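J.: My structure is below; once you've seen it, I'll send some questions.
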Amino acid sequence: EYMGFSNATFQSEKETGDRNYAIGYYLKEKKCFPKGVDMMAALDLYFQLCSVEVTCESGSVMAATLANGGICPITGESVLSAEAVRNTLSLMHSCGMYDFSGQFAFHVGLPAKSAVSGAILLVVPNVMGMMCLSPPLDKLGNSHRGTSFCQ
Amino acid sequence: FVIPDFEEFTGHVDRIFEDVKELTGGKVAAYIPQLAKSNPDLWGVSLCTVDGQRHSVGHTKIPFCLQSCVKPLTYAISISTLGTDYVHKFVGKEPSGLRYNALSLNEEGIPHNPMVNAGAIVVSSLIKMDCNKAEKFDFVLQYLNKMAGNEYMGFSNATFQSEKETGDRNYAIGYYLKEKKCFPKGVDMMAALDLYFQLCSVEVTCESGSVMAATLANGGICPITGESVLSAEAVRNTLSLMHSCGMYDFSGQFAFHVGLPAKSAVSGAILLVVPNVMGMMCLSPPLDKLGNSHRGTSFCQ
Amino acid sequence: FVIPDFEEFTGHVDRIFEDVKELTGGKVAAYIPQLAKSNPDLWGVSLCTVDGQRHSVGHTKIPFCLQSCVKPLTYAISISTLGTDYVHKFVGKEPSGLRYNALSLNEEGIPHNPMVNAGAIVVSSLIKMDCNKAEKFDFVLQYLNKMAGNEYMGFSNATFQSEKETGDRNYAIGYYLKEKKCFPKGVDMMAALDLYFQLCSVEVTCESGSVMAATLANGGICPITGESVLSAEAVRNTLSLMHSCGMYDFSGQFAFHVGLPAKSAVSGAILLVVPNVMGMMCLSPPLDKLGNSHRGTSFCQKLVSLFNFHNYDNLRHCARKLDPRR
Amino acid sequence: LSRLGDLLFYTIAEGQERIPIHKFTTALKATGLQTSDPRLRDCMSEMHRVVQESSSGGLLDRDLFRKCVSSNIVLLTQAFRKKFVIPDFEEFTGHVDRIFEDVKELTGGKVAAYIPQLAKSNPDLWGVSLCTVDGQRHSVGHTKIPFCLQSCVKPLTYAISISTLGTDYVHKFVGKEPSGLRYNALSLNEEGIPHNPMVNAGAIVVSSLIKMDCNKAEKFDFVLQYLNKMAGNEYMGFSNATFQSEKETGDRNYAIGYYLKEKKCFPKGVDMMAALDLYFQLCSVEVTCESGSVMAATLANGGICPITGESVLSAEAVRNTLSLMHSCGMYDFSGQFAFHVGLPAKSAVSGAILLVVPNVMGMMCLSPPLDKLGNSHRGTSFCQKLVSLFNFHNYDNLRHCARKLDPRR
Ligand SMILES: NC(=O)CC[C@H](N)C(=O)O
Ligand SMILES: NC(=O)CC[C@H](N)C(=O)O
Ligand SMILES: NC(=O)CC[C@H](N)C(=O)O
Ligand SMILES: NC(=O)CC[C@H](N)C(=O)O
């Protein structure tokens with residue numbers, strides 16, 4: 001499905017994503033990365049991936065892949081292993097939305113991943129996947145309309 | 001002169017020098033590659049009265065870096081040029097309580113003091129922010145030479161490249177400060193951080209730095225050249241921070257026991273100051289737990 | 001005497017006294033409702049030269065509680081009667097930079113310094129732990145009376161019953177210290193915690209308060225009576241902590257602009273000390289955000305800028321700043 | 001076999017029964033060989049402690065001196081018997097001083113269009129120093145002012161690589177022929193490598209060969225240790241002011257580095273920036289004419305520092321770099337220099353000329369003013385004049401020629 005790249009956002013985050021640079025150098029001092037691994041290339045890739053563009057239709061299928069045991073429903077390819085999905089969903093439930101991981105497992109109970117672009121990659125295991133877009137965010141860095149819709 | 005009996009004074013200094021030479025020390029600061037190269041047995045002391053009396057025992061002439069002893073100097077340089085209110089509008093003036101790394105800021109959103117790594121970058125950011133890198137270092141080096149009475153004022157690019165390629169924590173603080181709007185508008189972070197690494201890598205002997213500390217004791221007048229390098233208020237501020245913030249966490253246990261304005265460094269330097277009397281500097285590489293030389297700090301006590 | 005021409009010296013203080021009188025702060029005391037009842041328009045100062053030469057202008061006749069200004073004293077009681085080595089086994093000697101409540105211990109598990117509330121409880125626990133509660137209070141009171149030269153020394157029971165029914169952070173600190181086992185063996189924490197409240201609730205006038213801070217401006221010997229209250233090492237030990245830890249977070253700011261050992265207090269007291277010169281005790285109930293009197297801090301700031309009392313003046317020439325005791 | 005030092009002292013003395021102590025400390029350096037050499041350091045060390053308890057209170061005595069100076073006996077014999085390779089050193093320095101005065105009148109121009117930290121230097125700064133292959137030294141003028149070693153480390157750093165990596169590995173990546181296209185020279189030879197190590201395009205590549213596996217600190221630290229041994233542990237610093245210049249504003253070098261990386265002319269798995277950064281660091285090393293004269297006297301010899309006698313450079317390294325500085329050291333002006341001077345010299349925008357006279361001596365001039373091609377105006381004149389009055393040209397001393405000063409007699 002649609003898969004682009006917001007270079008404008010990519011350049012807005014490289015030049016202004018100052019906290020993400022502190023973490024990269026903070027990690028580098030603690031030897032958190034593997035041996036013989038450049039942090040700048042790894043940090044840069046994180047900026048690139050965060051800039052990937054999709055639509056809600058593309059995101060919904062992207063979430064449905066996690067729902068259907070890491071097998072995309074509309075192509076059927078075994079793109080992801082069963083262990084990857086179980087590990088991924090079990091972490092979005094407890095770590096998907098950071099501080100709002102609670103108050104979402106509490107009110108919604110589903111593994112959903114929030115973003116500052118308004119998206120909420122909502123996953124219903126063995127049923128469907130859903131992505132809700134609304135740029136307006138609340139204090140905890142989650143979309144307000146999206147999380148109200150989920151509840 | 002302020003010490004008429006200087007001949008007997010050296011009789012006590014050398015006795016204490018040999019008294020503490022038997023002690024061992026802690027780690028030798030191996031977390032940056034270059035400083036591990038130093039021989040931990042180096043031990044020397046130099047002093048300079050505000051009249052010009054000078055004595056040296058040990059390895060005083062072996063060069064070493066002002067890895068953190070340049071923070072009071074660059075601070076005094078900034079205060080003397082821009083004014084107290086302007087400088088401290090960007091950097092606090094109170095002790096932090098954490099280590100010198102201290103990737104954190106006070107309630108106001110500015111670094112705690114001009115002696116922690118976060119504050120040393122900001123004061124380095126304030127030195128002639130509208131010029132290029134060569135002029136920035138030359139402006140600071142010019143006063144440092146005058147502080148030292150035109151003594152040996154060198155540079156150790158081996159350390160500068162070692163730190164610039166390995167000092168990742170200082171990069172974390174630099175990008176943390178830039179994210180919190182801790183720099184004046186239109187000022188680049190990397191230029192300030194790079195300048196801070198350059199100042200940290202300035203190489204001085206104990207003789208060069210003993211007169212450099214005696215300037216602060218003499219209050220902005222180099223005793224052996226009659227200069228007027230620093231304003232009276234600038235040194236009064238530097239000694240007020242270097243007292244309560246000079247040795248980081250060990251500021252207590254030093255103000256308690258020694259009660260003098262001193263500044264430590266990971267290279268073993270201790271830029272001791274005795275106001276209205278003299279300025280002393282001690283070199284001993286092997287550090288202690290909180291980032292100061294075991295022999296030097298015990299010698300001061 | 002160390003201050004000749006006393007008329008000239010006091011005259012300058014009087015002019016500064018009126019100048020600071022216009023400034024108004026706020027937030028007298030969020031807690032201890034008994035302290036929130038004090039008059040915000042109350043402002044008094046007093047001094048006592050190391051040789052008895054004393055002056056006082058303002059509201060120096062109104063008793064006020066000695067909250068957190070007895071910490072440098074009660075520390076001096078323990079440091080002299082138990083030595084420096086024993087006392088600092090249980091309390092550090094470095095600033096915390098985390099306010100005075102500061103439910104936080106240093107790296108090695110002991111409270112940061114005697115001046116924070118966590119350290120004042122421990123040092124208060126060291127004073128005659130084998131005796132009963134009446135004797136523990138009386139033991140410190142006898143030295144406290146001797147420090148002030150048998151001047152006025154009351155006890156505001158109104159403020160002591162407050163700070164105990166409503167003073168809960170001190171209890172949380174007290175039980176926190178018990179969990180970490182940073183008390184001497186065979187000691188009841190509650191008895192030591194209660195002793196801290198009582199010492200805090202002692203009330204003195206500025207005129208009597210200025211006698212204190214002139215005792216320890218000297219080498220412990222009282223200026224009025226000439227007695228020998230505290231050991232000379234005790235005064236050095238506590239002064240070196242008041243400079244670094246006296247005002248808590250504001251210690252750096254105070255040491256920068258004033259550079260004298262001063263101890264803050266929620267009652268508005270500031271036990272300012274000028275070593276080998278005199279001892280000051282300002283009073284202004286309204287505080288700043290950091291727990292310091294707005295008028296008292298302003299007076300200390302202005303006085304140092306005119307009298308050369310800073311720790312790092314007289315470098316070569318500096319400003320004139322009047323005659324420095326010569 | 002017998003040690004004739006006892007009779008040698010009688011020759012050293014003027015023949016009188018006594019001599020004041022004051023006359024021995026002073027006026028003894030007239031022979032050129034300084035009193036600060038490490039070789040004779042042992043003599044000065046011991047005498048300082050024996051004076052307190054000697055029952056003479058100011059007498060060194062002959063018997064005591066002979067016993068202590070035992071292992072270093074051979075060196076002193078050549079010094080005072082005038083058996084060095086340059087005798088009558090007073091006349092040699094006397095002529096040198098004369099041209100130093102005469103050449104001082106000249107004035108060039110265009111001190112530095114770029115590297116602003118070089119444009120701040122005093123145009124009227126002029127000095128020279130020479131340290132013969134035997135360590136005999138004489139300096140006059142402003143020799144004590146540190147100056148950057150830009151483009152003088154190129155012959156040295158080339159010698160470092162070859163002596164540690166072989167002649168065939170180094171020259172796989174850099175040619176050995178002059179280019180005649182200035183020192184910047186964004187151009188490669190027919191076989192796709194920089195024309196010679198002396199141009200900027202080659203100096204970066206040879207700088208890339210020095211410990212390509214180590215980190216930045218050790219790469220610089222490796223070379224600086226050799227440069228200390230080459231200079232005999234004389235003054236050797238690092239001008240960070242000029243290193244921060246030539247890196248923010250030195251842009252033609254960056255183009256060469258990226259141009260070279262484009263042609264894949266670096267070794268395998270080597271970062272151009274790390275090699276280019278080292279080129280700026282080596283270029284930024286500051287040395288005085290007095291200290292920098294021992295350099296160009298180390299490689300005037302067969303790779304041994306004349307002062308300490310340490311073996312620092314392979315004789316093949318010195319032979320190769322000397323054969324290379326002659327035709328490529330001074331860029332376009334190499335032919336003009338080789339025509340009138342005919343000596344291995346290396347230019348610099350900081351006024352330095354690393355003059356070399358193999359088997360004889362090695363000089364180091366200093367004149368911040370430049371000529372059009374990037375060579376010091378005053379320094380070049382001294383070399384041209386000096387050769388015309390000392391026969392240092394390679395193709396002189398045919399059989400008898402004219403008198404031409406003393407012909408080794
Ligand atoms: N929602 C998010 O995790 C936003 C990530 C974003 N790249 C940031 O650094 O702030
Ligand atoms: N406190 C120190 O001595 C270290 C100084 C050095 N600039 C660093 O932060 O690594
Ligand atoms: N000055 C203060 O910090 C007040 C302390 C508080 N009254 C107590 O008893 O602990
Ligand atoms: N001609 C030279 O000496 C070159 C100077 C210096 N290496 C530069 O390229 O800027």
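FYI, residue positions are counted from 1 along the chain as it appears here.
Going by what the header records, the deposited coordinates were determined by electron microscopy, 3.3 Å.
Including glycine, each Cβ sits where the backbone N, Cα and C put it.
Sharing the features that Swiss-Prot gives for it:
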BINDING   C:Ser68, C:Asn117, C:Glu163, C:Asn170, C:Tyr196, C:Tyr248, C:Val266  substrate binding site
MOD_RES   C:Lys128  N6-acetyllysine
MOD_RES   C:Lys133  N6-acetyllysine
MOD_RES   C:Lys178  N6-acetyllysine
J.: Near C:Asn170 (substrate binding site), which residues of its own chain have a C-beta under 8 A away, given they sit six or more steps off in sequence?
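T.: C:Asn170 (substrate binding site) has long-range Cβ partners C:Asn117, C:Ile121, C:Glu163, C:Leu193, C:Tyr196, C:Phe197.
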J.: Which of these binding-site residues has the least crowded Cβ, counting other Cβ atoms within 10 Å: C:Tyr196, C:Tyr248?
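T.: Selected from the binding-site residues C:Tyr196, C:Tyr248 on minimum Cβ neighbours within 10 Å: C:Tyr196.
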J.: Non-local Cβ contacts of C:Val266 (substrate binding site) (under 8 Å, 6 or more apart, same chain)?
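T.: C:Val266 (substrate binding site) has long-range Cβ partners C:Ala29, C:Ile32, C:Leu35, C:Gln67, C:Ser68, C:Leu287, C:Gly291.
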J.: Report the recorded positions (C:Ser68, C:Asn117, C:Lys133, C:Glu163, C:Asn170, C:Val266) that meet this criterion: Cβ distance to the nearest atom of ligand 3 under 6 Å. Use sequence order and write none if nothing qualifies.
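T.: Checked recorded positions vs ligand 3; flagged C:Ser68, C:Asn117, C:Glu163, C:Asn170, C:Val266.
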J.: Would you mind pulling the DSSP three-state label for C:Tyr196 (substrate binding site)?
T.: helix
J.: Non-local Cβ contacts of C:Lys128 (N6-acetyllysine) (under 8 Å, 6 or more apart, same chain)?
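T.: Result: C:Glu135, C:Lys136, C:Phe139.
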J.: Work out how many Å separate C:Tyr248 (substrate binding site) and C:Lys178 (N6-acetyllysine) at their Cα atoms, rounded off.
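T.: Here the two Cα atoms lie 23 Å apart.
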J.: Compute the C-alpha separation of C:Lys178 (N6-acetyllysine) from C:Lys133 (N6-acetyllysine), stating it in Å without decimals.
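T.: Counting only the Cα atoms, the answer is 19 Å.
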J.: Check the DSSP secondary structure of C:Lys178 (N6-acetyllysine), expressed as helix, strand or coil.
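T.: Reduced to three states, the DSSP call for C:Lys178 (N6-acetyllysine) is helix.
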J.: Sorted by position, what residues of the same chain at least six away from C:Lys133 (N6-acetyllysine) have a C-beta under 8 A from it?
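T.: Listed in sequence order, they are C:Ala191, C:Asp194, C:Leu195.
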J.: Over all pairs in C:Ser68, C:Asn117, C:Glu163, C:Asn170, C:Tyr196, C:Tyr248, C:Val266, the listed substrate binding residues, work out the largest Cα-Cα distance in Å.
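T.: Taking every pair of listed residues, the largest Cα separation comes to 20 Å.
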